[PDB]
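Residue numbers (my numbering): 1 to 639. Ideal placement from N, C-alpha and C gives every residue a C-beta, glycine not left out. Shown next, in C-alpha cells, is the structure this report addresses.
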Ligand SMILES: [Zn+2]
Ligand SMILES: [Zn+2]
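Okay, here's the thing in C-alpha cells:
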C-alpha cells in the first residue's frame, strides 16, 4: 500500500487571543517584551521567506523536462507520500534531514536511512551540487547555528506555505490551461470565418489603441458606422446628462398629459410659435416652459438654433440617444475601421473570441508571506511555551533563551461559550503574529472531523471541480461525476435516504430546501441580508462578517436536519460588455468575492461536522421563490 496524501481540511483549530500586560508590570516592561516578540516575528518571516526564495528555484516549469532537482521539490512539499508508514520518525523530521543535506547545512550521511529512496538521494545531491546565491549562503550560514527544532519548524512552514498557496493554484491552473487550449481549438474549428489573419488584424488594432482588456468598452463597429452621437459609454445609462436631467424634470415638475406631450409641444412651440399649440394647452405650456428653461440651464435663444426648433436631449430614457457623442476611444476605433471596411463584418465575432480565447488563464506567480497581513505565525512548540488558563498567563521562550526561562504575558481569557474549553483538549503549540503593532497568540489544538456517512473526501469533490472538470463548459460533467461519487460512497440507497440541504444564493431569495433522496421534504426560512446592503481591493471588509454569520445559519439549519450534503448555487455568469455602468461591474465583482467566501466557510465547517458540499451552476432560467427546490432537482438531474 503506497501512503495517502495529507488532508487539505485540517483536523485542528487555533484560538487567537490578545496578549495583555501581566497585572503589576509597567507599560514600559510590556513594551520592551512586545519589542522582543516583534523582532522574533519579523526574524521568523525573514527566515521562512529566505527558505521559500531558495526552494522556489526548483519548482517544475510547465511544458519542460523534469529537472533532476524535481524529486527533492516534491518531497520538501509533501514528504508523507514517499516515506514508509511504519517510519519511527515524523515526515516533518525527514523533511528537516532532506533540507539540511540539500542546503549543505549537513552531509548526505543522515540520508543513508532506508526511509529515503535513491531517486530522492540523487535529487538532493543534484540540489546540493548547484552554486548558491549570496542570499542563500547568508540564510544557510544563519540557520546552521539554529537548534534543530527551529530549523524543523522553518522547513515545515516554508514547505506548507508553498504547497498550500502556489502549488495547489499551479496544479489547478495547469488543468484549466490544458482544457482552455482544447476548448479554444474547438471554438476556432467551429468558427472558421474568424481566421488567423483577421484575428491578427484586430489584435494589432487593439494593441495600437491601448486596450489590454479582454472585454472592449467600445461601441459596436456597425453602431459606430451610423456616424451619429450615440455611444453607450459616454453618458450615464447610455444617454447624455441632459437626457437624464429631463427625465427628473418630467417626474418632479410635469403632471397628467404634460408628462407625455410636453416634449412634443415644446418642439412644436420652438419651430411654429405658441399659436401652433392647441388653444387648451397654450396656458399650461407657458408655465411648464419657463420652468423647463430654469430647471435645465437652457436659453430659448440658443434652442431655436438647432434644426429649426429641437430640444438637445432624448424625450425618453427607453430610446437609443442621439445627443450622446462617442468617447475618444470609440472615435479612434472608428478611425481604424474606416481604413479597414473589410474587418467591420467580423467585429462582433472577434470580440466574442477575445473575451474567451485571446488571453490564457493567468499562470499563478509565487507570493511571499506578508508581514502586514500576518500570513504566517512564529511557532512555539513543546519546550518553548507554558500556558496557565486559570490565571490566563502564557510564557514564550525565544529561540536562544535557556530552558525554563520565558517572557510572560497575560492574554484575553478563553471565552466560556467557546466549545473546546482548555481542559477538554491539549495545546500542542502557540502561534505568534502581529496585527499592526498589537501582539496576538494562537492556541493550536487537534479536533477530529465528525465522520461523514459518505466514504468520500471533500478533497475529491474539490479535485473534480478544479482539476478533472475545470471549465464552465464542463459544468454538466462535473455535476455528473460528483453525484456519481457521492451516490456510490453513500452506505444505503442514496436516491431514497441521502439527506441534502439546497440553499439558493445571490438574486434567488433567502430560502432553503431539505430533501431525503430525490424527495423534496420541507422548505425552511433562512434570514440572509443581500450584498447590496452593508455598504488592496478594499480593507473595510464587512464581507468576512457577512460570510461567517450567514455560513453559521446554513450550518445550524443543516445540523438541525442531520444533513449529509449541502448544495450551493454559484453566482450568475458574467454579462457581455455595454449595459454595464462601471459601478455595477464593481458591485457584481464584490458579490462574486463575498459568495466565494460564504462557500469556502460553509465547506470548511461542513467537513468538520461530517458533511460534504457541492456548488451547482447558476440557475439559468429562460414570480415567487421555488429556487432552492429547483436547485435540489438540478443536483438529482431531473432538470
Ligand atoms: Zn461609442
Ligand atoms: Zn438621450
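Contacts around residue i, its chain only, beta-carbon distance under 7 Å, and the 5 residues preceding and following it disregarded
i	result
residue 599	568, 615
residue 84	115
residue 295	249, 253
residue 162	52, 55, 56, 77
residue 91	79, 80, 83
residue 357	184, 187
residue 473	183
Spatial distance of residue i from residue j (CA atoms)
i	j	result
residue 439	residue 34	7 Å
residue 51	residue 165	15 Å
residue 415	residue 392	11 Å
residue 113	residue 58	24 Å
residue 232	residue 331	13 Å
residue 693	residue 502	Any answer about residue 693 is impossible in this case: the structure gives the chain only from 1 up to 639.
residue 60	residue 66	7 Å
residue 407	residue 436	21 Å
residue 73	residue 41	26 Å
residue 9	residue 636	26 Å
residue 577	residue 219	9 Å
residue 75	residue 157	14 Å
residue 381	residue 429	5 Å
residue 465	residue 188	25 Å
residue 725	residue 483	The question about residue 725 has no answer here: the residues shown for the chain are numbered 1 through 639.
residue 216	residue 290	43 Å
residue 492	residue 21	57 Å
residue 370	residue 196	43 Å
residue 105	residue 39	24 Å
residue 544	residue 596	11 Å
residue 130	residue 100	15 Å
residue 172	residue 340	41 Å
residue 190	residue 327	34 Å
residue 321	residue 245	14 Å
residue 202	residue 350	7 Å
residue 481	residue 338	51 Å
Residue i classed as buried or exposed, judged by whether at least 16 other C-beta atoms fall within 10 angstroms
i	result
residue 12	exposed
residue 117	exposed
residue 413	exposed
residue 235	buried
residue 452	buried
residue 639	exposed
residue 240	buried
residue 542	exposed
residue 89	exposed
residue 272	exposed
residue 82	buried
residue 230	buried
residue 623	exposed
Close Cβ partners of residue i (< 6 Å) along its chain, the five nearest in sequence each way excluded
i	result
residue 169	364
residue 119	71
residue 49	368
residue 238	232
residue 528	510, 550
residue 477	469
Chain-order list of residues whose beta-carbon lies under 8 Å from that of residue i (same chain, five-residue window excluded)
i	result
residue 487	494, 495, 498
residue 471	176, 179, 180, 183
residue 553	526, 527, 528
residue 144	105
Residue i CB to nearest heavy atom of ligand 4 below 7 Å
i	result
residue 324	The model depicted lacks ligand 4 and carries ligand 1 and ligand 2 instead.
*Whose CB is closer than 6 Å to a heavy atom of ligand 1? List the residues in chain order.*
Matched residues: 219, 231, 233, 326, 327, 330.
With contact counted as at least three CB pairs below 8 Å, one residue from each stretch, are the segment 504-513 and the segment 555-573 in contact?
The segment 504-513, when compared against the segment 555-573, does touch it at the 8 Å Cβ threshold.
**Message:** With three or more beta-carbon pairs closer than 8 Å as the criterion, would you say the segment 202-212 touches the segment 305-323?
**Reply:** Contact fails: fewer than three Cβ-Cβ distances are below 8 Å.
- Query: Okay, do the segment 16-30 and the segment 126-144 touch, 3+ Cβ pairs below 8 Å being the bar?
  - Reply: The answer is no - the segment 126-144 does not touch the segment 16-30, with fewer than three Cβ pairs under 8 Å.
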